[PDB]
Ligand SMILES: N[C@@H](Cc1ccccc1)C(=O)O
Ligand SMILES: N[C@@H](Cc1ccccc1)C(=O)O
Ligand SMILES: N[C@@H](Cc1ccccc1)C(=O)O
Ligand SMILES: N[C@@H](Cc1ccccc1)C(=O)O
């Protein structure tokens, strides 16, 4: 009797992580950009830094030429607005070729002094690119998954838990709470071998408001989230996704810029989808608006 | 700057799956029990067999001897009631030692002609035990998770998607729908190496009703689930968990036995938590009650 | 251009050593037999013990029941003659199946309290069986080989270097000299992965006289070997192979028994080829003769 | 008790070959140089091509800048003398760093259109570099060794067996004979995992005359070698090492150039040891003299 693998069409060796690290090692400059962006984001999350984190990028990378072009531009705005914003580029996507393309893109962008952000959707894919990642998001459909909370608990970067697809806040609050503890999960070593990973716990996790069944970017939605975080004993540190089920992106940015201007220190990050999705012209516009809002927040 | 593994306390090689298969190979009898229990469950799920699937076991295995003792008893009742019930034992839990204990327990129970059922929480631990598994659940917290639906799509056994922790049915309906397609995910080979797994799709998935905010086992909840499956184009095949957030387990069994007696052919399985959690005396009682209900279902 | 593997017909993963150790772990009795036999052989090689080492077995194992039967008999003579002889059974041979058969045979024989001896032809297959090996030979054709001297340098058991196929003594003297230093060589971990092995050096290496252009077992050959070891600064500890190019095995045994009787404390081991190659009756005869020779050696 | 690895100070994972191939892939130009040099060497060995193979290089590479400089010069002489000589550079050597340095050096040299030659001491390190190797030697100490003959049997390039350290010709003749059969040996996959390698047999193996107790390069030694190859049914194709125990290098070159001039078609290759060991000025003199000898061989 064939009981084994009756539903597997094919199972093929993946390059071990070490193969991608050898082919595409972090420069000293990449390694620094990553280290600095992770510290900066930590400082912003806890309120030691009054700047806003801004994860902004394409909906997805289809063409690496276009991404590198976007990165050159965004880099200049990262430099100019570095006193009001900490800008990080969202980079979202033969699987071996896919991994080579991905790591190489990430390395190049970090090596130009632009930190990068991604989506952690599995427990094996971080072993190939997390050394080039300054921030990651766990999806709304994986925020209650124990292995995804356990993964967060052992990641070197800060992490955002999206709320559930129906607006549920509690799963993210529990996710953040869980991710701060030590845990165990199964994945592979750098050498590609099945492994037990024991984590130390990650204090740098926070909620992402991405809509749900009702846009959660309102001041009262933000007020209710903040209070739910405070009750649970967590830092009231909140990132608002302008895209996805919050839509229109320009109207969200106006509404959020308001709250920042009124003096809401609880809103510590935002996410924006931006292409060469709003256009590049509108991307600059919104960034300058949020910048203005942060500076006004310093005062009022 | 040390960017790698800043939150990993320890990472150690796990035994490759091949090490546990070599130490604890399936006997011809184990292999048969597994193959036959998976076919039988398939036939029950589609309505070709009018027997009920019954996944019944401890809340968790704390002590293998107690489990082996429970298995000896349950086996005799599996044999006696086999014309009305297909009884499968729920087996739930140094990680290397843990894996040796688990596989050895599973092998012994299957080798005694008692099929076993598990819970898949990750994409790596199936490689160690799935060949001894006649059925598995995806938990309420992972039913919406892409990687878990992809896993289901490539598992050799039937799979139950629990509804969400708040009673939400839709995620299971979508899960079943997704699990029937071919998919890709990352895990390891039998040899323990990082891998791409390409799946062929699994038609043998069904919902599990486990409660949510309020219990969801009553005839009107079952009626609304059935209609929700039918509208989505799926076989109205429903398993009811008597435990968890449906509680009291004896009252659920009474209520369900009723519906089976009334002639509900759409209820094709149940789950029960039972120790040496209800006692052995009450475990036999409930099994005989469901058996009676199935017999009465034959007649009308 | 296809430059890679043009002359490899096929390359297939071998079971990692850990798979054979998990399937066939050393019993407490195996582990002890091995530990004690290796210490005893050490003591005999250095002159602290006045018994003779006797490596005796089939030309090769073709049939494991015949080997197990041979082992039962040899074991009784090991027990009876243990005051004069340290008897060790020579155990020489789908490669995965071959490895399972080999380890299982070795484990059974050691678990019955009969230590085993092998031949190291390569640097990878020790990882599968060395933990059950109380002694090993490097063959005449590899005694000069750097990789084999390096392997000897890192093995847990005593090792014999056969002289060259033409009678050359110096390669063995240099082999002993080399094997006692620390070295490095490439092979695999228990987990099956390519590896660097750093060795501590093995002082428990000695020459084996097997013949050459003409037999080399007589008192004059032994005298010149002893003097060649002394001049090189090494312990005059000599093992004489009764078989191979020394033939007459019994005539060799008579001649060697003589030298032992006359009081030659430099002859510390012998090799005998013995089947169910001399017969079982002649195997007992020779063992009792050497026993007698050891006893008589005590008295002079 | 503690029977495993009592003489292993440390054992560490080595980069899998795939990590070095991914970091330092063969360019199109490297791959071609290798393909062409291996075919050319084949043609010279069998007598289809009346040029001489010349393996010439440093005693060993300590400094890669000096090697690259040597390679640039040798390359110009490879190009100029290509009608009379097929010139190949001898390239001999944290082992992970060592492997990176080695592969990178070899890749650079082949990518400049200069084929490279090495020395096979083990069965694992070919997986890292053999794809950049146009030719290799088995040394005098391993020519008789079974695993080395088996390795030769599965290598993609031609191979030379040196005669034994005492002048013995027969081991090389037997080595050639054995290397042309299919064999099995243990080593790793490109992925770094323990493996069985099944070979197809390598007809492109030949003797290397490297001395012994007395030099073996004169016409009468060559005559006796040739006749020993002929009687064994083998192509009388002979390579003469000018170095090692043949010394003086310039006197050997004179004597050999003679035999080539007198019309000896059986001498198909030579080895020379050369750094910027004879000097660069003397390296050109012998190459041009051998060139002249080849040209004279063409005529009478
Ligand atoms: N390498 C990850 C942690 C990790 C290890 C192993 C598996 C998965 C994730 C990091 O440095 O963030
Ligand atoms: N072995 C699983 C399928 C699988 C393969 C590889 C990784 C994970 C899962 C089954 O038979 O159900
Ligand atoms: N396992 C061998 C040492 C060894 C390790 C690795 C490769 C080869 C040999 C011994 O214990 O004696
Ligand atoms: N890769 C070698 C052959 C080889 C394979 C595996 C192990 C060792 C050697 C060659 O191509 O010539």
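What follows is calculated from the coordinates using simple rules that are stated; it is not laboratory data. Backbone-built Cβ (ideal geometry, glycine too); neighbour counts: all protein chains shown.
Assorted remarks:
- Assessment of segment D:223-238 against the conditions (within 14 Å of residue D:169 (Cα to Cα) and within 17 Å of the chain's Cα centre (by Cα)) yields at least one matching residue.
- Search result, residues across segment C:119-135 that are more than 10 Å from chain D (Cβ to nearest Cβ) and surrounded by 24 or more Cβ atoms within 10 Å (Cβ to Cβ): C:135
- Test: residue in segment C:42-58 that is under 30 Å from residue B:190 (Cα atoms) and surrounded by 21 or more Cβ atoms within 10 Å (Cβ to Cβ): no
- Among the residues of segment C:153-170, not a single one is within 16 Å of ligand 4 (Cβ to nearest atom) and either part of a loop (DSSP other than H, G, I, E, B) or touching a helix residue (DSSP H, G or I) at 6+ places or on another chain (Cβ under 7 Å) (or both).
- For segment D:4-34, a residue qualifies if it is within 16 Å of ligand 3 (Cβ to nearest atom), part of a loop (DSSP other than H, G, I, E, B) and farther than 20 Å from residue C:181 by Cα, and exactly one does: D:14.
- Positions within segment A:89-106 being surrounded by 17 or more Cβ atoms within 10 Å (Cβ to Cβ) and over 15 Å from residue A:69 (Cα atoms), in sequence order: A:99, A:100, A:102, A:103
- Matching residues in segment C:251-283 - criterion: being farther than 22 Å from residue C:42 by Cα, under 20 Å from the mean Cα position of the chain (by Cα) and assigned to a helix (DSSP H, G or I): C:252, C:253, C:283
- Failed criterion for residue D:65 (all others in (1) crowded, with 19+ Cβ neighbours inside 10 Å; (2) over 21 Å from the mean Cα position of the chain (by Cα); (3) in a helix (DSSP H, G or I) hold): (1)
- Count of residues meeting criterion [within 8 Å of another protein chain (Cβ to nearest Cβ) and in contact with a strand residue (DSSP E or B) (Cβ under 7 Å, 6 or more places away or on another chain)] in segment B:142-191: 13
- Sub-8 Å Cβ pairs linking a first residue in segment B:177-201 that is farther than 15 Å from residue A:192 by Cβ to a second residue that is within 16 Å of ligand 1 (Cβ to nearest atom), at least 6 apart or interchain, are B:185/A:122; B:185/B:123; B:185/B:147; B:199/B:185, ordered by first then second residue.
- Residues within segment B:75-91 that are assigned to a helix (DSSP H, G or I), under 18 Å from residue B:38 (Cα atoms) and touching a strand residue (DSSP E or B) at 6+ places or on another chain (Cβ under 7 Å), tallied: 1
- For segment C:130-149, a residue qualifies if it is away from ligand 4 (no atom under 16 Å from the Cβ) and assigned to a helix (DSSP H, G or I), and the qualifying residues are C:130, C:131, C:132, C:146, C:148, C:149.
- Once segment D:92-118 is narrowed to residues that are away from chain C (no Cβ under 12 Å) and assigned to a loop (DSSP other than H, G, I, E, B), the residue that is nearest to ligand 3 (Cβ to nearest atom) is D:93.
- Residue list for segment D:177-188, restricted to those being in a loop (DSSP other than H, G, I, E, B) and over 30 Å from residue A:16 (Cβ atoms): D:180, D:181, D:182
- Test: residue in segment D:24-31 that is surrounded by fewer than 21 Cβ atoms within 10 Å (Cβ to Cβ), within 14 Å of chain A (Cβ to nearest Cβ) and either touching a strand residue (DSSP E or B) at 6+ places or on another chain (Cβ under 8 Å) or over 30 Å from residue D:230 (Cβ atoms) (or both): yes
Residues are listed down the side, and each one gets a yes or a no for (1) surrounded by fewer than 23 Cβ atoms within 10 Å (Cβ to Cβ); (2) assigned to a loop (DSSP other than H, G, I, E, B); (3) in contact with a helix residue (DSSP H, G or I) (Cβ under 9 Å, 6 or more places away or on another chain):
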{"position": "C:151", "(1), (2), (3)": "no, no, yes"}
{"position": "C:190", "(1), (2), (3)": "yes, yes, yes"}
{"position": "C:196", "(1), (2), (3)": "yes, no, yes"}
{"position": "C:201", "(1), (2), (3)": "yes, yes, yes"}
{"position": "C:214", "(1), (2), (3)": "yes, yes, yes"}
{"position": "C:223", "(1), (2), (3)": "yes, no, no"}
{"position": "C:226", "(1), (2), (3)": "yes, no, no"}
{"position": "C:235", "(1), (2), (3)": "yes, yes, yes"}
{"position": "C:240", "(1), (2), (3)": "no, no, yes"}
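- Test: residue in segment B:38-54 that is part of a strand (DSSP E or B) and facing chain A (nearest Cβ under 8 Å): no
- Selection of segment A:58-74 for residues being farther than 27 Å from residue A:18 by Cβ and in contact with a strand residue (DSSP E or B) (Cβ under 8 Å, 6 or more places away or on another chain) yields A:58, A:59, A:70, A:74.
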